[PDB]
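Novice: Quick note on UniProt numbering: the sequence shown kicks off at 24 and runs consecutively.
We put the CB at the ideal spot given by N, CA and C, even for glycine.
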Amino acid sequence: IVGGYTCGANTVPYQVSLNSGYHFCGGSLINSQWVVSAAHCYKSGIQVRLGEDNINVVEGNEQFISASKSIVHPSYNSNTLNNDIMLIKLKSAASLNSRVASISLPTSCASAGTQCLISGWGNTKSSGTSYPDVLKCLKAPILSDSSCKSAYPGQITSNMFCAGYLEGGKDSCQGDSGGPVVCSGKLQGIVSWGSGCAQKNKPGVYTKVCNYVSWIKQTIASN
Ligand SMILES: [Ca+2]
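If you want it as structure tokens, here you go:
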């Protein structure tokens, strides 16, 4: 997250870290056994880390759980990042508490100008590299479809939306992928892609979770 702030330990209790001997992507806890993340984060060997704040120190309130199943959307296209969504089933159910809690899926899609919270352990620099230890937060609005398509002509599908700031300086970035975009207590986005980070007129692009609610619920009911 570039231009953001230190969230505060366990203030984003649904945020997870996906780990393979290092943090590589985020995700969101949507019930005691299931996490949503981005398809482009898919790997073998994933450990889900819940209740994290500093990803480099064991502080308390952490739960480390292996992934059992990792379900990439069948129509994921890795060249376009259309359908950039994955479900991950935990080996065991997490213990939910004030520090470790699920986020609700949307009933309706969000509209333009809705303010959301994006969070992650990704790069904090637009130009260069600097990974945080502790979780970073950014409040960003949903842009209009118009401004989103004018920023990325031909590359925005019905399953995406833009969020952020056209002036630059505030965005998600590498390592934030897969994490939450929460608006009025509902999971509306997943950190997906963009052109660089925090660059002017190139806002971040997010998977529009409201298009996937039926798919999420049908897949989970069968797995
Ligand atoms: Ca920790």
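At which residues does the alpha helix (DSSP H) containing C171 begin and terminate?
Specialist: In the DSSP assignment, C171 falls within the alpha helix (DSSP H) that extends over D168 to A174.
Novice: Taking a contact to mean a Cβ-Cβ separation below 8 Å, would you say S51 touches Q38 in this structure?
Specialist: yes
Novice: Does DSSP classify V236 as helix, strand or coil?
Specialist: helix
Novice: Please classify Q70: does DSSP put it in a helix, a strand, or coil?
Specialist: Looking at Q70 - three-state DSSP - the assignment turns out to be strand.
Novice: Rounded to whole angstroms, what is the Cα-Cα separation between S153 and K112?
Specialist: 31 Å
Novice: Comparing C-alpha positions only, which one of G26, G177 and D156 sits nearest to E82?
Specialist: Considering only alpha carbons, the answer is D156.
Novice: Could you check if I126 belongs to the surroundings of ligand 1, using beta carbon to heavy atom distance under 7 Å?
Specialist: Closer than 7 Å to some heavy atom of ligand 1: that does not describe the Cβ of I126.
Novice: Between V80 and ligand 1, is there a pair consisting of the residue's CB and a ligand heavy atom that are separated by less than 7 Å?
Specialist: yes
Novice: For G201, count neighbouring Cβ atoms within 10 angstroms of its own Cβ and tell me buried if that reaches 16, exposed if not.
Specialist: buried
Novice: Using a Cβ-based criterion (distance less than 7 Å to any ligand heavy atom), does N42 qualify as near ligand 1?
Specialist: no
Novice: Among the candidates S127, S218, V228 and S115, whose CA atom is the shortest distance from the CA of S91?
Specialist: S115
Novice: For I53, which of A221, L210, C220 and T230 has the nearest alpha-carbon?
Specialist: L210
Novice: Measure the alpha-carbon distance for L166 versus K225 and round it to whole angstroms.
Specialist: 11 Å
Novice: Looking only at DSSP bridge pairs, what is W57 linked to?
Specialist: Looking at the DSSP assignment, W57 forms a beta bridge with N54 and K112.
Novice: Would you list, in sequence order, the uninterrupted beta strand (DSSP E) runs of no fewer than 3 residues that lie entirely inside the region 71-100?
Specialist: Listed in chain order, the beta strand (DSSP E) runs fully inside the region 71-100 are 86-95, counting runs of at least 3 residues.
Novice: From the DSSP output, read off the bridge partner residues of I141.
Specialist: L161 and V204
Novice: Would you mind giving the Cβ-Cβ distance between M109 and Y65, rounded to the nearest angstrom? I have them listed as a contact below 8 Å.
Specialist: 6 Å
Novice: For a quick check, are the C-beta atoms of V232 and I126 less than 8 Å apart?
Specialist: no
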